[PDB]
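Engineer: Quick one, what's the 3D model for this:
(chains A, B, C and D, ligands or ions: 11)
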Amino acid sequence: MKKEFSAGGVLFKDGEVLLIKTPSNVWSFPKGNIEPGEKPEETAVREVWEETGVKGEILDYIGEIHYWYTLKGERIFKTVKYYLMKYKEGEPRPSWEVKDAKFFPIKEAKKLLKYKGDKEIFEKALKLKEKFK
Amino acid sequence: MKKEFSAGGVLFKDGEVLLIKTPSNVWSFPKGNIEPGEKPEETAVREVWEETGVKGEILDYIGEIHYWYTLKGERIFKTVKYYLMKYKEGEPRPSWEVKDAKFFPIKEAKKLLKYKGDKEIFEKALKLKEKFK
Amino acid sequence: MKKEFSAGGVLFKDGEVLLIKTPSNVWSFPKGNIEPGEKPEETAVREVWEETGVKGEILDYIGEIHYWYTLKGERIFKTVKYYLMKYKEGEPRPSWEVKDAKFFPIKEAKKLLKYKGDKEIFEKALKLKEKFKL
Amino acid sequence: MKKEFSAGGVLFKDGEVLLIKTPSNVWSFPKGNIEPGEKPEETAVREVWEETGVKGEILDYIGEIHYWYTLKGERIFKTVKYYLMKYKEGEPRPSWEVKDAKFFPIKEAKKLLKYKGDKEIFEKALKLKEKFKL
Ligand SMILES: [Cl-]
Ligand SMILES: [Cl-]
Ligand SMILES: [Cl-]
Ligand SMILES: [Cl-]
Ligand SMILES: [Cl-]
Ligand SMILES: [Cl-]
Ligand SMILES: [Cl-]
Ligand SMILES: [Cl-]
Ligand SMILES: [Cl-]
Ligand SMILES: [Cl-]
Ligand SMILES: [Cl-]
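Structural biologist: Residues are numbered from 1 along each chain as shown, chains lettered A, B, ... in the order given. Ligands and ions are numbered 1, 2, ... in the order given. The relevant structure is shown in the block below.
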């Protein structure tokens, strides 16, 4: 078994948040694995851009969710740190690793989320979004 | 005899104290192993910096706590020296190591702390803190 | 609960195995925490080098062991992956963290090992090294 | 409570060993405290040079001596690692920390050393010295 380190973001663009659809047909947030020597904030920005083609700015740390899963017979413990981001540039274009990447009005996003983990993160994110905007 | 000597910091910013959330979900103070050739004070400043992204200045030496634990059938002796710090700059951001990093009002901090050692150290820190202001 | 992931190495040179003498006087294998963004193989080669001054080359994955312990009343899970290595260069020189670093004939090393995990891993290592004629 | 790390050497020149005289008037081996980032072998070379003005080359690790003592109202667990060294450059001169620095024939050195640890380290060093043209 091994541990996996990932970081991603809840990026907002004028009342809308960036979401992606996983191979399992679940809408969640853009995230990705750490690169050698990166701090989580660095990983978060890079992976969001690579997965959605959208470049964002980190405003604050929201939280972390974790879970076990298997890949090729080995148990993997994954931890994902999430950061509140604000739109910079680019357009949503899902990489081959996600079924889709699209902006959704906050109202629309709330319902799409499945995993209680993502919903908790989004909730926290919205609250933090206030103090900043 | 295995001996693990660490150093940590109890940093304050306008009536608030800096705490980190450990993998056990318990809120505590940033601390880490004192590397060979490193003064405990340097270890404390570095660990606070690395785990929270907050830079602090040491005001005084609070105290030290001792405890043992068993690993692979062997007794290990551990001690942690704590230093009182005052905020200098930086914004609370957790490392891949911790779940969170946040400032808490003293009243609330006393509530979050769990380890008897953290409580004893915090109480000593509050008294030593008056010396300054 | 907190989970710790480490990696270590079982390195052979001219038919002998490299062991380190821990603070408790127990001879064991070098190992260390797998840093974020680090492959377990990188961790093993690095730890062997830092603890013994010996540079090794990964031959293959041996296996992993795990165990639990309590710290400050909290349960902690720890697992360690081990890799088979062949000597590349360097002389045994212990780090500040260990008492000694030395090569031992397999027969002697088997008697020196104490930790259950080390014994299990060494057994697997001995069966695996046959392929590389070490 | 704190840990202290030092390293030094049993350095030979033309069959003689380099000794220093401590403030307590005892002949012993040159050694000193680790600096930030140093491996023990690095500390040993630098400290022997600073303490005696003699540059030595490390040939092997001898062993270590450890003990608890009190410094400025605090218990310190000190570990001193020793290395067999070959003379390379310099003339012995005591630093401000020692009373003298001088080379002595092995037979005389054996008689001069007083601390049990020093005697044991010297015994080990002489055995290791046999493997080199030192
Ligand atoms: Cl597995
Ligand atoms: Cl990873
Ligand atoms: Cl990911
Ligand atoms: Cl620690
Ligand atoms: Cl362990
Ligand atoms: Cl380890
Ligand atoms: Cl601890
Ligand atoms: Cl003490
Ligand atoms: Cl020291
Ligand atoms: Cl010294
Ligand atoms: Cl040299």
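Engineer: what about the nearest residue to residue A:38 once chain neighbours are set aside, neighbour count?
Structural biologist: Leaving aside its sequence neighbours, residue A:38 sits nearest to residue C:37 (C-beta to C-beta, 6 or more residues apart in numbering or on different chains; 6.4 Å). For the C-beta atoms, the positions are set from N, CA and C on the backbone; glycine is no exception. The burial metric for residue C:37, expressed as a neighbour count using other C-beta atoms under 10 Å in any protein chain shown, is 15.
Engineer: Around ligand 4, pick out the residues from chain A.
Structural biologist: Within chain A, not a single residue sits near ligand 4 (C-beta under 5 Å from the ion).
Engineer: After the host helix or strand of residue A:70, which helix or strand is next? Please name it.
Structural biologist: For residue A:70, the host element (DSSP states H and E) is strand A:54-71. Per DSSP H and E, strand A:54-71 leads on to strand A:74-90 as the next helix or strand towards the C-terminus.
Engineer: Regarding the residue of chain A found nearest ligand 10, what is its secondary structure?
Structural biologist: In chain A, the residue that lies nearest ligand 10 is residue A:37 (35.9 Å; C-beta to the ion). Per DSSP: H, G, I helix; E, B strand; the rest coil, the secondary structure class of residue A:37 is coil.
Engineer: That one is in contact with residue C:35, isn't it?
Structural biologist: No: under the criterion of C-beta atoms under 8 Å, residue A:37 is not in contact with residue C:35, lying 9.5 Å apart.
Engineer: so what does the strand or helix carrying residue A:131 touch, helix or strand wise?
Structural biologist: Per DSSP H and E, residue A:131 falls inside helix A:116-132. Using 3 or more C-beta pairs under 8 Å, 6 or more residues apart in numbering or on different chains; DSSP states H and E, the elements in contact with helix A:116-132 are strand A:2-13, strand A:54-71, strand A:74-90, helix A:106-112.
Engineer: what are the phi and psi angles of residue A:41?
Structural biologist: Residue A:41 has phi and psi values of phi -60, psi -40 when expressed as degrees, to the nearest 10.
Engineer: Would you confirm that it contacts residue B:95?
Structural biologist: No: applying C-beta under 8 Å as the test, residue A:41 and residue B:95 come out as separate, 10.3 Å apart.
Engineer: between the helix holding residue A:131 and strand A:54-71, how many degrees?
Structural biologist: 160 degrees (axes from the mean of the first three to the mean of the last three C-alpha atoms, to 10 degrees).
Engineer: just the angle between helix A:116-132 and strand A:74-90, please?
Structural biologist: Here helix A:116-132 points in a direction 30 degrees away from that of strand A:74-90 (the same axes, to 10 degrees).
Engineer: if you look at helix A:116-132, does any of it touch ligand 3?
Structural biologist: No: contact of helix A:116-132 with ligand 3 is not found when judged by C-beta under 5 Å from the ion; the minimum separation is 12.9 Å.
Engineer: I'd like the distance from that helix to the chain centre, please.
Structural biologist: A distance of 12 Å separates the centroid of the chain from that of helix A:116-132, by C-alpha atoms, centre = their mean, to the nearest Å.
Engineer: ok, residues contacting that helix?
Structural biologist: The contact list for helix A:116-132, computed with C-beta atoms under 8 Å, 6 or more residues apart in numbering or on different chains, reads A:10, A:12, A:17, A:28-29, A:59-60, A:62-63, A:65, A:67, A:82, A:84, A:86, A:106, A:109-110, A:113.
Engineer: Looking at chain A, which residue is nearest ligand 3?
Structural biologist: For chain A, the nearest residue to ligand 3 under the criterion C-beta to the ion is residue A:6, separated by 4.0 Å.
Engineer: Looking at chain A, what residue ends up closest to ligand 8?
Structural biologist: Closest to ligand 8 within chain A is residue A:39: 36.1 Å, counting by C-beta to the ion.
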